[PDB]
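Comments concern the structure below.
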Amino acid sequence: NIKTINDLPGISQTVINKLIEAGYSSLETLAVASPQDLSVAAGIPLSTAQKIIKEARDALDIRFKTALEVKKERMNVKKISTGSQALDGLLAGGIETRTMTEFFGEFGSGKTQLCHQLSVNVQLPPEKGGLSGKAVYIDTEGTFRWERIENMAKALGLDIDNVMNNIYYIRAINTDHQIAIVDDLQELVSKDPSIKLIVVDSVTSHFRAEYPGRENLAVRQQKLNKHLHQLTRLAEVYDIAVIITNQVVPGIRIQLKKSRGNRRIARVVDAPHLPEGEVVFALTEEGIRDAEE
Ligand SMILES: [Cl-]
């Protein structure tokens, strides 16, 4: 919009020259530096350096704002595509921030395969179905494989090294560690706003192991709900999409059936704001895609 150095009110060419000559080629250069560093580096009157510095900060939107108009600025709906039209549609557009979305099914139904894909797909620009955001992969079992990622990255013509740089990975070794990790997400995501996706494949893993009996069922429920509340609150309070998987106060629950060959049926089970349907997608070298026929 009011983007370049020229666009700011009645600035002289005489001036604009001295700015480029002083290495303040952009609005950002100005908006960071002080009028004192500017008024010597540019070689201009101090007052003038200050005028400009504010007219930049004002040209970019660096001002006071009511907390309401910051809400209205960023409360908008944000969704990440799965790679499958069909599946995005079932999801009414895709994976949504401030929502925990669960995918459960038997091994190789594509619950873990989605996670990988989405940890790439967040990094895409919005026009391409992403949020230009990072992702956190929490792994209970060692299911995570960077090579699955690398493949999905190649498949979009993306920079492989970079894609992998935008995914933080940890392995939950233990139910207790798994809670520490989610507990410490709050700091990490405040330290790094660009994180728009947390996945936890696959949550119950460690709870079933450590609390196996049907007397441990309640003993492990109280433990598992506490843990999902945490996740749910991260999503809401930090505007992040949370995905959990599962083998066989929460959110959306989608089951995943194996169908003919590479193709999978995702049916929705619990999501009262979503239509009751099921749809078919496919698992490919490239990652999640739509099916043939
Ligand atoms: Cl899977």
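Residue numbering restarts at 1 in every chain; chains get A, B, ... in the order shown in the structure tokens, and ligands count up from 1 in that same order.
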
Expected answer as a PDB file with N, CA and C atoms, in the first residue's frame: residues within 8 Å of ligand 1, only C-alpha atoms and all ligand atoms:
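Contents of the output file pocket-v1.pdb:
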ATOM      1  N   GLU A 106      -6.960 -47.711  12.395  1.00  0.00           N
ATOM      2  CA  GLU A 106      -5.976 -48.764  12.498  1.00  0.00           C
ATOM      3  C   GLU A 106      -4.689 -48.295  11.847  1.00  0.00           C
ATOM      4  N   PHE A 107      -3.611 -49.021  12.102  1.00  0.00           N
ATOM      5  CA  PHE A 107      -2.320 -48.619  11.585  1.00  0.00           C
ATOM      6  C   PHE A 107      -2.409 -48.419  10.083  1.00  0.00           C
ATOM      7  N   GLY A 108      -1.826 -47.332   9.592  1.00  0.00           N
ATOM      8  CA  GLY A 108      -1.716 -47.138   8.151  1.00  0.00           C
ATOM      9  C   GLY A 108      -3.005 -46.698   7.497  1.00  0.00           C
ATOM     10  N   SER A 109      -3.988 -46.365   8.324  1.00  0.00           N
ATOM     11  CA  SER A 109      -5.179 -45.667   7.880  1.00  0.00           C
ATOM     12  C   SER A 109      -4.853 -44.250   7.371  1.00  0.00           C
ATOM     13  N   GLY A 110      -3.679 -43.722   7.732  1.00  0.00           N
ATOM     14  CA  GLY A 110      -3.239 -42.380   7.313  1.00  0.00           C
ATOM     15  C   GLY A 110      -3.291 -41.299   8.399  1.00  0.00           C
ATOM     16  N   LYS A 111      -3.541 -41.704   9.639  1.00  0.00           N
ATOM     17  CA  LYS A 111      -3.468 -40.793  10.762  1.00  0.00           C
ATOM     18  C   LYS A 111      -2.053 -40.192  10.914  1.00  0.00           C
ATOM     19  N   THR A 112      -1.012 -41.018  10.945  1.00  0.00           N
ATOM     20  CA  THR A 112       0.367 -40.509  11.052  1.00  0.00           C
ATOM     21  C   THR A 112       0.841 -39.815   9.778  1.00  0.00           C
ATOM     22  N   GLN A 113       0.311 -40.254   8.646  1.00  0.00           N
ATOM     23  CA  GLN A 113       0.679 -39.704   7.350  1.00  0.00           C
ATOM     24  C   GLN A 113       0.180 -38.288   7.218  1.00  0.00           C
ATOM     25  N   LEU A 114      -1.038 -38.032   7.687  1.00  0.00           N
ATOM     26  CA  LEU A 114      -1.556 -36.652   7.751  1.00  0.00           C
ATOM     27  C   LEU A 114      -0.628 -35.705   8.510  1.00  0.00           C
TER      28      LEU A 114
END

According to DSSP computed on the backbone, where in range 1-183 of chain A is there alpha helix (DSSP H)? Give the residues as a PyMOL selection string. chain A and resi 13-21+27-32+35-38+46-59+67-74+85-90+111-121+146-154+160-165+175-183

With only C-alpha atoms as the counted atoms, please give the residues lying no more than 9 Å from residue 92 in chain A, apart from itself and same-chain residues fewer than 5 positions off, as a list in words. residues 87, 274 and 275 of chain A

Please dump the current selection as a compact mmCIF listing (two decimals), in the first residue's frame; keep N, CA, C and O atoms.
# COMPACT_ATOMS: atom_id res chain seq x y z
N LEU A 87 -10.97 -34.07 1.34
CA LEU A 87 -10.81 -34.08 2.78
C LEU A 87 -10.94 -32.67 3.38
O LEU A 87 -11.52 -32.50 4.46
N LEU A 274 -20.22 -29.67 11.81
CA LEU A 274 -19.80 -30.22 10.52
C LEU A 274 -20.83 -31.21 9.98
O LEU A 274 -21.52 -31.88 10.76
N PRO A 275 -20.91 -31.32 8.65
CA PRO A 275 -21.87 -32.24 8.01
C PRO A 275 -21.46 -33.70 8.20
O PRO A 275 -20.27 -34.00 8.31

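The nearest approach to residue 268 in chain A among the residues A:149, A:248, A:91, A:189, with only C-alpha atoms taken into account, belongs to A:91.
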
For residue 77 in chain A, find every residue with an atom within 8 Å (counting only C-alpha atoms), except residues of its own chain fewer than 2 positions away, and show them as a count of residues only. 4

Excluding range 14-16 of chain A and its own-chain neighbours fewer than 5 positions away, which residues fall within 10 Å of it when counting only C-alpha atoms? Please give them as a PyMOL selection string. chain A and resi 5-6+21-22+24-25+42-44+48

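Shortest separation to residue 60 in chain A among A:210, A:73, A:88, A:7 occurs at residue A:7, atoms counted being only C-alpha atoms.
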
Applying 12 Å and only C-alpha atoms, which residues near range 152-163 of chain A remain after dropping the ones on its own chain fewer than 5 positions away? List them as number ranges by chain. A: 82-83, 113-125, 128-129, 132-135, 145-147, 168, 283-289

Could you save the residues just selected, with N, CA, C and O atoms, as a compact mmCIF listing (two decimals), in the first residue's frame?
# COMPACT_ATOMS: atom_id res chain seq x y z
N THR A 82 -5.17 -30.24 3.73
CA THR A 82 -4.60 -31.58 3.89
C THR A 82 -3.82 -32.07 2.67
O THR A 82 -3.05 -33.02 2.78
N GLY A 83 -4.02 -31.44 1.52
CA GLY A 83 -3.49 -31.94 0.25
C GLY A 83 -4.60 -32.57 -0.58
O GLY A 83 -4.47 -32.71 -1.79
N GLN A 113 0.31 -40.25 8.65
CA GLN A 113 0.68 -39.70 7.35
C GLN A 113 0.18 -38.29 7.22
O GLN A 113 0.88 -37.44 6.69
N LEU A 114 -1.04 -38.03 7.69
CA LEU A 114 -1.56 -36.65 7.75
C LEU A 114 -0.63 -35.70 8.51
O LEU A 114 -0.28 -34.64 8.01
N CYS A 115 -0.22 -36.12 9.70
CA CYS A 115 0.63 -35.31 10.56
C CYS A 115 1.83 -34.77 9.83
O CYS A 115 2.08 -33.57 9.85
N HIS A 116 2.58 -35.67 9.21
CA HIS A 116 3.72 -35.27 8.39
C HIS A 116 3.31 -34.22 7.35
O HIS A 116 3.90 -33.13 7.30
N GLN A 117 2.30 -34.56 6.56
CA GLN A 117 1.82 -33.67 5.51
C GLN A 117 1.52 -32.28 6.06
O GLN A 117 2.04 -31.28 5.58
N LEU A 118 0.69 -32.21 7.10
CA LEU A 118 0.29 -30.92 7.65
C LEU A 118 1.43 -30.11 8.20
O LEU A 118 1.40 -28.89 8.16
N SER A 119 2.44 -30.78 8.73
CA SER A 119 3.61 -30.08 9.23
C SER A 119 4.40 -29.42 8.10
O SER A 119 5.17 -28.47 8.33
N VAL A 120 4.20 -29.91 6.89
CA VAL A 120 4.64 -29.21 5.69
C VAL A 120 3.62 -28.14 5.31
O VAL A 120 3.96 -26.96 5.19
N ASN A 121 2.37 -28.57 5.12
CA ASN A 121 1.29 -27.70 4.64
C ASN A 121 1.09 -26.36 5.41
O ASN A 121 0.76 -25.35 4.79
N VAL A 122 1.30 -26.34 6.73
CA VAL A 122 1.34 -25.07 7.47
C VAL A 122 2.29 -24.04 6.87
O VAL A 122 2.03 -22.84 6.94
N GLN A 123 3.40 -24.52 6.32
CA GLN A 123 4.46 -23.63 5.90
C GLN A 123 4.14 -22.95 4.57
O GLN A 123 4.77 -21.95 4.20
N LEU A 124 3.13 -23.47 3.88
CA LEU A 124 2.68 -22.85 2.64
C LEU A 124 2.02 -21.52 2.87
O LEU A 124 1.47 -21.29 3.93
N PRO A 125 2.06 -20.66 1.86
CA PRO A 125 1.31 -19.42 1.91
C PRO A 125 -0.19 -19.71 1.82
O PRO A 125 -0.59 -20.77 1.31
N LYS A 128 -1.89 -21.07 -1.12
CA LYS A 128 -1.63 -22.48 -1.36
C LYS A 128 -2.13 -23.40 -0.23
O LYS A 128 -1.74 -24.55 -0.16
N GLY A 129 -3.00 -22.89 0.63
CA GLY A 129 -3.60 -23.69 1.69
C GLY A 129 -2.82 -23.76 2.99
O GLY A 129 -3.11 -24.60 3.84
N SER A 132 1.68 -19.98 6.26
CA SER A 132 3.09 -19.63 6.34
C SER A 132 3.61 -19.76 7.76
O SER A 132 4.35 -18.92 8.23
N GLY A 133 3.23 -20.84 8.44
CA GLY A 133 3.61 -21.07 9.83
C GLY A 133 4.46 -22.30 10.05
O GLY A 133 4.57 -23.16 9.17
N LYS A 134 5.08 -22.38 11.23
CA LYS A 134 5.84 -23.55 11.63
C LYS A 134 4.93 -24.59 12.25
O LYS A 134 3.73 -24.36 12.40
N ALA A 135 5.51 -25.74 12.59
CA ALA A 135 4.76 -26.86 13.18
C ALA A 135 5.58 -27.56 14.26
O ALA A 135 6.81 -27.61 14.18
N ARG A 145 9.16 -39.81 10.59
CA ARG A 145 10.27 -40.00 9.64
C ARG A 145 10.49 -38.77 8.77
O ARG A 145 9.63 -38.38 7.96
N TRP A 146 11.67 -38.18 8.90
CA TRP A 146 12.01 -37.00 8.12
C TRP A 146 11.98 -37.26 6.64
O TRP A 146 11.78 -36.34 5.85
N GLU A 147 12.20 -38.51 6.26
CA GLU A 147 12.21 -38.86 4.85
C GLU A 147 10.81 -38.79 4.26
O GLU A 147 10.66 -38.48 3.09
N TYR A 168 9.65 -28.35 14.62
CA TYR A 168 10.32 -28.77 15.85
C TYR A 168 9.79 -30.15 16.15
O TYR A 168 8.59 -30.40 16.02
N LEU A 283 -3.28 -42.05 -0.14
CA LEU A 283 -1.93 -41.89 0.37
C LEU A 283 -0.94 -42.18 -0.74
O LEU A 283 -0.96 -43.26 -1.31
N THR A 284 -0.07 -41.23 -1.05
CA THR A 284 0.85 -41.37 -2.16
C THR A 284 2.29 -41.04 -1.74
O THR A 284 2.52 -40.57 -0.62
N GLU A 285 3.25 -41.28 -2.65
CA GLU A 285 4.65 -40.87 -2.45
C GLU A 285 4.70 -39.41 -2.04
O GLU A 285 5.42 -39.03 -1.12
N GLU A 286 3.91 -38.60 -2.75
CA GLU A 286 3.83 -37.15 -2.55
C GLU A 286 3.25 -36.77 -1.19
O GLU A 286 3.58 -35.72 -0.64
N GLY A 287 2.37 -37.61 -0.67
CA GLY A 287 1.70 -37.35 0.60
C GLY A 287 0.21 -37.47 0.37
O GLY A 287 -0.21 -38.05 -0.61
N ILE A 288 -0.58 -36.93 1.28
CA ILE A 288 -2.02 -37.02 1.14
C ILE A 288 -2.47 -36.34 -0.15
O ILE A 288 -2.02 -35.24 -0.46
N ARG A 289 -3.33 -37.01 -0.91
CA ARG A 289 -3.93 -36.46 -2.14
C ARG A 289 -5.35 -37.00 -2.27
O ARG A 289 -5.81 -37.76 -1.41

Name all residues at most 9 Å from residue 232 in chain A (count only C-alpha atoms; drop same-chain ones fewer than 4 positions away) and give them as a VMD selection string. chain A and resid 98 to 100 227 to 228 236 to 237 242 249 to 251

Please report, as an NGL selection string, each residue of range 65-149 of chain A to which DSSP assigns strand (DSSP E) when run on this structure's backbone. :A and (79-80 or 95-96 or 100-105 or 134-139)

Can you build me a table of range 106-188 of chain A residues sitting at most 12 Å from range 214-225 of chain A, with the closest atom pair per residue and its distance in Å to one decimal, using only C-alpha atoms, sorted by chain and residue number, as CSV?
residue,atom,partner,partner_atom,distance
A:175,CA,A:223,CA,9.2
A:176,CA,A:223,CA,9.7
A:178,CA,A:224,CA,10.6
A:179,CA,A:223,CA,9.4

Between A:263, A:273, A:63, A:206, smallest distance to residue 84 in chain A by only C-alpha atoms belongs to A:263
